[PDB]
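So that you can tell them apart, the chains are marked A, B, C, D and E in the order they are listed, and the count of residues begins at 1 in each.
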Amino acid sequence: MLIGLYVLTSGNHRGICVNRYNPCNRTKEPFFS
Amino acid sequence: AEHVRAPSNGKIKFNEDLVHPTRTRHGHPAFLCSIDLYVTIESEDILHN
Amino acid sequence: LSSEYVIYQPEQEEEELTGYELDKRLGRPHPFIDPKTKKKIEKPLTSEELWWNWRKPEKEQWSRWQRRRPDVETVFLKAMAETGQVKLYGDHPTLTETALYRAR
Amino acid sequence: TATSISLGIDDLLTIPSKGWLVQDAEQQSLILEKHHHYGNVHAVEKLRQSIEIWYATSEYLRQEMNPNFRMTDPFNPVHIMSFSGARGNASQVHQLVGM
Amino acid sequence: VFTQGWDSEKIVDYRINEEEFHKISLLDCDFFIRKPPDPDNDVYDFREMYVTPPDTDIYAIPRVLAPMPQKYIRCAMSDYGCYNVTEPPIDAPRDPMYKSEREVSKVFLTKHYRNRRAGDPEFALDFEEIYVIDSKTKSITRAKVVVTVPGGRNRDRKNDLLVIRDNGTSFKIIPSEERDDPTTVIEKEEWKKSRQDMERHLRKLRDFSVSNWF
């Protein structure tokens, strides 16, 4: 249960691990109501 | 218990006048500081103290 | 009439002329240390001059860690250095490059 | 169940620098053992150095294990099992992946 | 009554009627600027200003570090802070599990264009005249705005966008066409911080300075 909760609330990568080049040169999922 | 380690590769520069000669428990030659000293690590780009 | 608290700079353009800074800002393959900036350290104390504990042996000793540990990261780094996807400093990937590839 | 976490052989990761620490430790141990035979040091010192030059080396490895996991492979299954508190302990993990 | 005194930071030896002032509450301070009568209460007068600890009657003269307007100007207020959610102790059968506070730190006063009313069919805002109100230093200064947009003064002030960065210390006026979506700037800052952290971690290896960042 702790492993499941940790995988749920862990998230994912946010910086150099999700984008290769710097985002300063150049959309996300639509706004879910 | 706590062992100070080198941040990066380079040369260790410190003034040997404030440090007094000693012998480690492990038998190696060494220097003992009874006062605060600032060592510099002359690395490729930056320094460390 | 414009006070010091207001500054007019129409069409302000800021760019890096040198290739190293451009590759560092964009994120392209570039060395960690600028070869321009790199400056050789003056000669350190010779092995003879060091105390015995730090002296290096005259004969190269044997060890079970003399050979590099094979990993999947090295094979993949070589495979992607071929065909021109990434650029590596040298023909063999080093440990820092493998550690960086493990993240990206 | 949806994620199906699992631990593998290659999944166990060692700190990038281990071949260096062990190599310098064993080199210092050799230099000592040579000198012991020459009369430059005494057994108590040899005994002491051996234990210490080894304990310090090991701890560098253990303390460094967590940063490596969080910085390089964040979602490593062994790291997930250890950090979440589900199974294992830092000491157990160290024995599996360090020394 | 219009009264002005010395710049020394101490009590004024009397109390003022707060009905003729604007109460702008901050984290550790609160300010009072005189309000002339008006239909919509937005006309300020920076000739008289008083600082006071939160919920107190000890009035004092604040620290002025910029030339202040000596005329009735119409402005709009905008707070700049960060919410602080804490986990309070639970010693009750239905004690609240969380506590929320706004914790404002800076207040921006943007002067309207030509002192026009909000109901005017052609309304605009003047970003070249912005007065910040600090809460840690009890100071009220001006904003060193950097107007970077082609057109000069002849350009109509209806296509503009003030971008505030660096903890409310950097101001830039850019057209609304070259704006950046929130995800873009979020990813930019995250990428910069992550790259800095990664270079720190790796700098402590012996194979550095002979490596490449791919």
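Some points to look at:
We take it that a contact is a pair of C-beta atoms (placed from the backbone, for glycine too) under 8 Å apart; a residue touches a chain by one contact, two chains touch by 3 or more.
By the document's definition of touch, common neighbours of subunit B and subunit E comprise C, D.
Across the assembly, the mean Cα position most removed from that of subunit D is the one of E. Taking A-D and C-D together, the chain pair joined by more C-beta contacts is C-D. Averaged Cα coordinates give subunit B a centre that lies 25 Å from the centre of subunit D.
The centroid of the Cα atoms in subunit C and the matching centroid in subunit E are 42 Å apart. If you average the CA atoms of subunit A and of subunit C, the two centres end up 28 Å from each other.
Subunit D and subunit E have CA centres that are 51 Å apart.
Among the residues of subunit C, those touching two or more other chains are numbered 27, 33, 38, 52-53, 95-96, 99, 103-104.
Multi-chain contact residues of subunit A (touching two or more other chains): 16-17, 22, 24. In subunit D, the residues that touch at least two other chains are 16-17, 40, 71-72.
Those chain pairs judged to touch are A-C, A-D, A-E, B-C, B-D, B-E, C-D, C-E, D-E. Of all the residues in subunit A, the ones that touch subunit D in their complex are 2-7, 10, 13, 17.
Those residues of subunit B lying in contact with subunit E across their complex are 7-9, 44. On the side of subunit A, the complex with subunit E involves touching residues 14-19, 22-24, 27-28. Residues of subunit A touching subunit C in their complex: 16-17, 20-22, 24-25.
Here subunit C touches subunit A in the complex through residues 25-28, 103-104, going by the rule given at the top.
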